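Structural overview for review
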2 protein chains.
Amino acid sequence: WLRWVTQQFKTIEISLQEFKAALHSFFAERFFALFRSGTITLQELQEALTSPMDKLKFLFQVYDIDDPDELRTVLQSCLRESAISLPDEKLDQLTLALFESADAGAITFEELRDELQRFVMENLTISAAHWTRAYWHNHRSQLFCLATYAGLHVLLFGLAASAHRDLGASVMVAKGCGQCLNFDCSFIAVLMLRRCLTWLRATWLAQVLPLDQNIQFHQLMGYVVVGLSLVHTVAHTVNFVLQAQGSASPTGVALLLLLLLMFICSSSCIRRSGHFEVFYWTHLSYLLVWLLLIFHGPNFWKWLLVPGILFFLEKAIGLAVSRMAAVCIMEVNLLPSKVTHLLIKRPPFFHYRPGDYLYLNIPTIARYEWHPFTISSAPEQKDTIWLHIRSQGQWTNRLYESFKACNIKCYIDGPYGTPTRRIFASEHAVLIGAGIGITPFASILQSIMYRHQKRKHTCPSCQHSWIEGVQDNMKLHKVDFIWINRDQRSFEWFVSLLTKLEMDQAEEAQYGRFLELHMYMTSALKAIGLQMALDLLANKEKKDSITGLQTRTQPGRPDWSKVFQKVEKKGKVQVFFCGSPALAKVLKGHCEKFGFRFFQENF
Amino acid sequence: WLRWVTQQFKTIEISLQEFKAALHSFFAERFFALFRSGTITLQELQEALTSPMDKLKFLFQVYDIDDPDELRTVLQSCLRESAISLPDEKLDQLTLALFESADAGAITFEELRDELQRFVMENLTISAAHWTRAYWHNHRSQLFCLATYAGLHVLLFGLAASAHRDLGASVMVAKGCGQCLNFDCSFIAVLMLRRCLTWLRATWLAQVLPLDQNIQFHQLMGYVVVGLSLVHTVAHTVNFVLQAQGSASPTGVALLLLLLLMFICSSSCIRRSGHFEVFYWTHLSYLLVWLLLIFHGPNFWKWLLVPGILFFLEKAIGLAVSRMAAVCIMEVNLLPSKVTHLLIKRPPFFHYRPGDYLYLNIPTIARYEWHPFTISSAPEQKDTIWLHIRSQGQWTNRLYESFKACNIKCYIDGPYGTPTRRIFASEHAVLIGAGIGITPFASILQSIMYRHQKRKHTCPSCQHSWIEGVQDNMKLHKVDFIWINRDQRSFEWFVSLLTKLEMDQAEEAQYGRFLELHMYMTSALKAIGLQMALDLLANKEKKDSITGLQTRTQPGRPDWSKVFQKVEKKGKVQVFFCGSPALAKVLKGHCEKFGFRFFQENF
Ligand SMILES: Cc1cc2nc3c(=O)[nH]c(=O)nc-3n(C[C@H](O)[C@H](O)[C@H](O)COP(=O)(O)OP(=O)(O)OC[C@H]3O[C@@H](n4cnc5c(N)ncnc54)[C@H](O)[C@@H]3O)c2cc1C
Ligand SMILES: Cc1cc2nc3c(=O)[nH]c(=O)nc-3n(C[C@H](O)[C@H](O)[C@H](O)COP(=O)(O)OP(=O)(O)OC[C@H]3O[C@@H](n4cnc5c(N)ncnc54)[C@H](O)[C@@H]3O)c2cc1C
Ligand SMILES: NC(=O)c1ccc[n+]([C@@H]2O[C@H](COP(=O)([O-])OP(=O)(O)OC[C@H]3O[C@@H](n4cnc5c(N)ncnc54)[C@H](OP(=O)(O)O)[C@@H]3O)[C@@H](O)[C@H]2O)c1
Ligand SMILES: NC(=O)c1ccc[n+]([C@@H]2O[C@H](COP(=O)([O-])OP(=O)(O)OC[C@H]3O[C@@H](n4cnc5c(N)ncnc54)[C@H](OP(=O)(O)O)[C@@H]3O)[C@@H](O)[C@H]2O)c1
Ligand code: HEB
Ligand code: HEB
Ligand code: HEB
Ligand code: HEB
Ligand SMILES: CCCCCCCCCCCC
Ligand SMILES: CCCCCCCCCCCC
Ligand SMILES: CCCCCCCCCC
Ligand SMILES: CCCCCCCCCC
Ligand SMILES: [Zn+2]
């Protein structure tokens, strides 16, 4: 009640207030001025925080200044936090359309209220700001892996401790740290196999067990090896000093030097520099570490055997003939937001399902480094195979920098990935876009469009075109694309491709639509009447000015899930999603009531 | 010279002569009578063995008896060793056609000579009979596997012998036989894995190393295990008797009993009876043999480990969910020559390349027995998947007998086999039929015919049909089928299917032929003018009377290889064969001169 109002007042410097009000900013300054002479009196805040008619009148007063200034105000709003990256040339047309829709003098409060009610008023907002047990429980409810490693470490430490309890306070620590080190130095290698991980990635084992964070888990076990080796060294030295009142010590010293080298020369700072050769050559010293530790520990080979032989087999299966091939880059083009687009020539013998990935390796950038990239070209394209890479690290950033200022060697190794025959062998399989790996969705869309157009048979004689039914390739009659991601900051390639496919199939939607686009932001701006300008623009040119697409990029977080529940039926409809377990689980639980054979969280 | 004639006479009883002359036999008796009063005088043999005019006159005299009898003679010749299984109803038409072609009186020797010269005369023959270092070198020039096993056995026996030479004449034999037995009892199991063998079958390792005889090699090592175990037992007993002047002996006795049981109850005689359950249950005692031999030999577990764990993994990978599935037989039909044809319902999720195989298992016949069968139905058939089985053993014979006098459970386990994308992604890939596994060729032919007809697009509006080009499925323009096998004794299903496909595509050969058939026997009858009757019959009904097909089943062993060399070119022609290494090697060596990318001996 009144106490709540007092607390809100206590929660509350014009420039400081503007800065703290989530600034863009002429509109913000005008609103702050309209919010008297300028003071910290709580009456203005109470009035602002308190029917929709008053809010509409306040908004109308804020928009005006005493109505050509609205065009300048509209331009400022576009350049504001709305992130509307549009040219100023179209601003005149948008302002003219808005003035025509509003004035028909543009100072009429009643006209503004009617225009607002045409589309809202209840959502009277003028700001977006307010003015680790739960997270761990939520994340660990499906991970349950770090605790297992900790339990193994502790049980091994205790088991070695009970075996040397008689020795006094120094050698039992040594033995426990030692046994932990056999375990760690034996299995930190079996973590990383780039070959079998792909084979395991396409199974329910990968569905239940996370895989994509194996780099960070491997680095974490490297760190614990370093720490435990240091404490083991200190314990053995303090034991020797106590005894002070020839191969073991020198071999331990050599192992310590090797681990210190591998820790120093494999940190993030080294690979920040373009000395990938230095990192790889220093990091090839794992063989020397294993060889030294063989005849350093009495029973290290027992631990080393199984993972050692299995990793030796995994590395020995890779030859130039076995998987590798020589591919020459044909054309490379750089797109905005530091995304590089490659056009590698298709080898004569390469049949790949859509959505598969491959590992690229450019000798010029990194001589012996391999990174996975997802194919962004349809399998029906016989000329070139595309690859799309976003600069989210150093090596990709290195490629972008190098190509900033072509026939260079490239090596690709086969297609790998989950089979996509289930999507084509379905009826109205809707695809939901989430996460950062939305590259395979472009391949799937291109393949589906190509197969759809291949059945558009036209008779050359009488110029009659009749559509044949499904023929042994796909069984879909309609596909729905729904994209729910952080932004379109780096996916200009993907936006362009989806827009291209959309108006390529838009010429065929008069008799029946085949592809639907639902593009969401959930972070765009509602609270400011910027969409009023675009309302007329969308029908002015039959395409959104921000995208040049039939879809106008509607935001909305939960209403998208509700529409997914309310998604027309061309057959046994199926729902497929790809993202974090939270959103996928919510969508599945909502979808389970509707009786749909939906394999949600498929990725 | 004259000495050769004397030797030929020495190489030489009218009934006995007829029996030894490769009898069918009225024609044989007439020839023997025509060959005087009947004696062993060498003048008749000298005349017979010695221009084509004399041979033609002799043949004309033999055919006649003093010409309606020729029809009876023709019928006898058809029923003779020619193996012409044709009805007597068509004999009248054939005899009438032959008489019309010959007489126009049918006793004119000059007319017979002219008719023979029309088609021969130089190949004047009236008989087909004459009147292990080389084989081992030829076979072992590519096998080199039994010698390796013998060498391993001998080196192990010698190694154990040198380790116990001090012991007197009895225990060194024991130790050598023992070490040989660890080796044998460890690897006789790693021979047989029905899972990894399929994975290895599709590689060049299977191309160089034979695989299909693993049953017989496994049985041979079982036999040597039995023999060496018996001699080991005798040696240890004679050692103990010498010492005669408690777990080892009883465990050895138990192992001896188990091996004797497994030898007795797994012989051919037991499975000759329909007691497959008895064989399988008695043969499940290998686990007991291994368990007893673990704590019977001091160092048997070292040998047992790797093959034991690997076989345990191979058997543990097989579950009902993992590979197995429930399939109900829809229709079963029995064809002549003891071949059974099955029509099993296609499971909803089953995509298989043509030519793949599967393992059938009928609980009614054998509860826990598995045998591989090759799919004889095109992948484009969505209704049922075929299987063709020839009664070449007991279990198949058991199935034939049981179905001689349906909804029974059947279990299939996936498709396995070499990929066939290379055939479709080629130009004029000619297929050569040899060996006994010609079942996948029917699947390949059906798939190629179906894909060829799927591009025969006809406009419904104006009834105009235009053929489209190759579309992402195959790149062939012409396929040639050449069949060089022992007979058509059991392949009536395959003959019917190829004939069906041929006249299905015969309606499209006027503008361009798509499938060519070259059916050979190399064992049929030349020497007897039976083909004269069929010469008119072939054009009488546009189909051979023996087959009802455009092809008339031409024989000829080496001329087929010459024609394969002289095989028209619709693109980059490729040659594929399947059979024993001899014929395939000859065909490849002949083909290498022509510069054809032929992967001969592909099977
Ligand atoms: C199977 C797979 C396919 C991918 N496909 C694409 C794609 O098509 N387009 C795209 O823009 N991004 C893709 N990524 C994400 C990422 O951009 C790529 O893995 C890229 O190779 C990053 O390399 P980097 O040199 O920048 O890594 P770094 O900058 O050296 O490492 C930092 C980041 O890269 C990851 N990383 C580093 N090394 C590896 C490695 N060996 N394996 C996996 N992750 C590693 C780390 O987890 C971390 O997130 C994919 C990731 C995976 C696992
Ligand atoms: C991969 C493969 C696919 C085959 N496909 C066909 C087909 O489609 N049609 C056809 O008519 N024949 C086929 N055969 C040949 C043979 O007829 C089948 O293997 C059939 O299962 C014979 O079983 P059986 O009970 O008569 O064997 P048995 O009578 O018990 O054994 C005698 C013969 O069968 C073979 N044999 C026995 N057990 C096995 C086994 N477990 N694995 C392999 N061979 C064995 C022996 O080598 C010997 O030649 C195939 C063989 C193989 C290896
Ligand atoms: N290999 C992989 O697939 C992989 C690897 C690592 C992590 N991940 C996933 O990626 C996540 C990190 O990326 P993220 O947080 O951006 O994605 P996310 O966790 O998969 O999804 C959460 C985001 O989805 C959006 N969202 C929520 N409800 C929505 C609705 N009704 N309609 C539309 N969008 C809705 C929200 O806004 P925004 O759209 O603005 O974000 C929210 O931030 C991780 O939590 C994990 O789930 C995947
Ligand atoms: N899994 C397998 O693929 C498998 C397994 C075991 C054995 N095999 C092969 O099968 C063989 C046993 O069967 P097989 O001897 O009947 O076949 P084959 O050895 O493959 O072929 C030999 C036969 O080919 C025929 N032939 C020779 N020259 C010919 C020509 N120019 N044109 C047409 N035919 C010609 C001959 O008469 P016929 O046609 O009257 O025989 C000859 O008997 C083995 O030697 C081995 O090569 C294959
Ligand atoms: C035990 C031994 C060892 C150790 C000690 C280690 C230690 C370590 N680690 Fe290591 N790694 C290893 C073993 C190792 N490691 C190996 C072997 C490899 C290769 C890969 C695979 O395996 O696959 C690696 C790899 C690796 C990587 C990647 C590379 C590539 O990819 O190329 C990384 C990042 C790491 C990290 C690490 C670190 C940071 C450390 C320190 C702390 N590594
Ligand atoms: C690389 C990691 C590492 C390192 C760094 C080290 C370092 C060392 N080290 Fe060592 N160790 C080890 C690893 C190690 N290490 C282990 C793991 C063990 C346990 C045992 C085995 O392994 O077997 C030991 C153990 C050990 C021993 C023994 C114990 C028993 O036996 O129980 C000794 C004497 C030692 C010494 C040493 C020294 C003195 C040093 C410093 C110089 N070393
Ligand atoms: C070392 C142990 C052992 C031994 C002693 C034997 C001995 C023998 N073996 Fe034995 N097996 C065996 C181990 C064996 N095994 C096994 C484990 C099997 C199963 C199969 C597999 O592995 O996969 C058989 C299997 C078997 C078979 C097939 C069956 C089925 O498939 O189901 C046969 C035929 C035999 C034979 C034989 C004989 C005849 C003998 C006597 C001589 N084989
Ligand atoms: C199953 C097959 C078999 C059988 C049948 C047998 C049978 C027998 N066994 Fe014997 N063992 C054996 C297998 C055997 N086993 C072997 C493999 C050996 C070598 C050693 C091990 O294993 O480790 C022996 C060895 C042996 C020994 C020891 C020698 C050494 O240590 O060097 C003895 C004492 C015996 C006894 C015996 C007897 C007395 C008999 C008869 C009863 N074998
Ligand atoms: C910090 C996240 C830890 C995730 C651990 C991943 C474990 C991967 C196991 C791979 C087994 C082959
Ligand atoms: C009598 C013919 C002997 C053939 C030997 C075959 C050997 C098969 C080796 C299989 C290795 C997995
Ligand atoms: C035996 C001690 C293991 C410690 C593991 C701690 C993991 C921390 C992850 C941030
Ligand atoms: C150690 C003795 C091995 C004998 C092998 C003989 C093989 C014969 C194949 C017919
Ligand atoms: Zn037409």
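Residues numbered from 1 in each chain as written, not as in the entry; some residues may be left out. Chains lettered and ligands numbered in written order. Heavy atoms only, no water. Residues with missing side-chain atoms left out of burial classes, pairs and counts.

Looking only at helices and strands, one finds 26 helices and twelve strands in chain A. Dimensions of chain A, computed from C-alpha atoms along their principal axes, come out at roughly 100 × 85 × 55 Å. (Helix = DSSP H or I, 4+ residues; strand = E, 2+ residues; numbered from the N terminus.)

The next point concerns the interface of chain A and chain B. At the junction of the two partners, chain A supplies 14 residues and chain B supplies 14 residues. Of the residues contributing to the side of chain A that touches chain B, the split by class is four nonpolar, five polar and five charged. (Contact = heavy atoms within 4.5 Å. Nonpolar A, V, L, I, M, F, W, Y, C, P; charged D, E, K, R; others polar.)

To continue, consider the domain arrangement of chain A. Each assigned domain of chain A is listed here: domain 1 (2-118), domain 2 (144-316) and domain 3 (326-411). Using only C-alpha atoms to locate each centre, domain 1 of chain A and domain 3 of chain A end up separated by 48 Å. (Domains from an automatic or database assignment.)

Residues and elements named next belong to chain B. One open sheet accounts for four strands, arranged β5-β2-β1-β6; its pairing is antiparallel. The sheet is open, and its two edges are formed by β5 (384-390) and β6 (409-411), each paired on a single side. Averaged over all adjacent pairs, the angle separating strand axes in this sheet is 40°, with direction ignored. The pairing of strand β1 (residues 326-335) with strand β2 (residues 339-345) spans six bridges and is antiparallel. In the strand pairing of β2, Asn 333 is matched with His 341. Here helix α20 (residues 395-404) sits on the sheet and contacts β1, β2 and β5; the angle it forms with β2, its principal contact strand, is near 80°. (Pairing = 2+ DSSP bridges. Axes fitted to C-alpha atoms, helices over the stretch in contact; angles between N-to-C directions.)

This brings us to the relation of the copies chain A and chain B. Superposing chain A onto chain B takes a rotation of 180° combined with a translation of 0.0 Å along the rotation axis, leaving an RMSD of 0.0 Å. Accordingly, the operation relating the two chain copies is best matched by a two-fold axis. Across chain A, the smallest distance between a C-alpha and the rotation axis is recorded for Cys 459 of chain A, namely 3.0 Å. Looking at the interface residues of chain A, 100% of them are also at the interface in chain B, so both copies use one shared face. (Least-squares fit on C-alpha atoms.)

Residues and elements named next belong to chain A. Across the sheet, four strands lie side by side as β5-β2-β1-β6; this open sheet has antiparallel pairing. Of all the strands in the sheet, just β5 (384-390) and β6 (409-411) have a single pairing partner and so form its edges. Ignoring which end each strand starts from, the neighbouring axes of this sheet average 40° apart. The pairing of strand β2 (residues 339-345) with β5 spans seven bridges and is classified as antiparallel. Pairing of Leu 343 across the sheet is with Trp 386, part of β5.

Here we come to the pairing of strand β7 (residues 429-433) of chain B. All names here are of chain B. When β7 meets strand β12 (residues 574-576), the two strands line up parallel, connected through three bridges. The residue bridging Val 430 from the neighbouring strand is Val 575, located in β12. Bridge count for β7 against strand β10 (residues 479-484) is three bridges, and the pairing is parallel. Counted as the bridge partner of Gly 433 is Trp 483 from β10.

Right, let's talk about the environment of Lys 454 of chain B for a bit. Mapped onto the elements, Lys 454 of chain B comes out in helix α22 (residues 439-454). Distance in space between the C-alpha atoms of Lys 454 of chain B and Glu 468 of chain B is 9.6 Å, their sequence separation being 14 residues. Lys 454 of chain B has contacts with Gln 471 and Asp 472 of chain A together with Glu 380 of chain B, leaving out every residue within four places of it along the chain.

With that settled, the discussion passes to unusual backbone geometry. Residues other than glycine seldom take positive phi values, yet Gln 463 of chain A does so here, at roughly 55°. Note on placement: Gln 463 of chain A falls in the loop between β8 (456-458) and β9 (465-467). Located in the positive-phi region is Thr 553 of chain B, a residue other than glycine, with phi close to 60°.

So, on to the packing of helix α11 (residues 171-191) of chain A against helix α14 (residues 214-243) of chain A. All names here are of chain A. The N-to-C vectors of α11 and α14 enclose an angle of 155°; their axes lie 9 Å apart at closest approach. Judged by the inter-axis angle, α11 sits roughly antiparallel to α14. Regarding α11 and α14, the two cross each other, and that crossing is left-handed. (Parallel < 35°, antiparallel > 145°, perpendicular 65-115°, else oblique. Left-handed = near helix turned anticlockwise from the far one by under 90°.)

It is worth spelling out the packing of aromatic side chains at this point. Residues and elements named next belong to chain A. Geometrically, the ring pair formed by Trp 493 and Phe 494 is edge-to-face, given 5.8 Å between the ring centres and 70° between the ring planes. Above the face of the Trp 370 ring, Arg 194 is positioned so that its terminal group lies 5.7 Å from the ring centre. Directly above the ring of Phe 424 sits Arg 451, whose terminal nitrogen or CZ lies 4.0 Å from the centroid. (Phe/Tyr/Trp six-rings, centres within 6.5 Å; stacked < 30°, edge-to-face > 60°. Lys NZ or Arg CZ within 6 Å of the ring centre and 35° of its normal.)

Next up on the list: the pattern of salt bridges. For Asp 212 of chain A, the salt bridge identified is with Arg 201 of chain A, shortest N-O distance 3.7 Å. Here the residue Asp 212 of chain A occupies a position in the loop between α13 (204-208) and α14, and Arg 201 of chain A occupies one in helix α12 (residues 196-201), the gap between them amounting to eleven residues. Residues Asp 487 of chain B and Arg 489 of chain B are paired through a salt bridge, measuring 2.8 Å at the closest nitrogen-oxygen approach. One continuous salt-bridge network, built from bridges that share partners, spans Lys 382 and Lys 454 of chain A together with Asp 472 of chain B. (Salt bridge = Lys/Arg side-chain N within 4 Å of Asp/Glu carboxyl O.)

Below, the discussion takes up the packing of α11 of chain A against helix α19 (residues 300-316) of chain A. Residues and elements named next belong to chain A. Between α11 and α19, the least distance of the axes is 8 Å, while the angle of their chain directions is 5°. Judged by the angle between their axes, α11 and α19 are roughly parallel. Contact residues: α11 offers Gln 179, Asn 182, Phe 183, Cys 185, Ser 186, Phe 187 and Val 190, while α19 offers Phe 300, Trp 303, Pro 307 and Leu 310. Taken together, the residues that form the contact of α11 with α19 break down as eight nonpolar, three polar and no charged.

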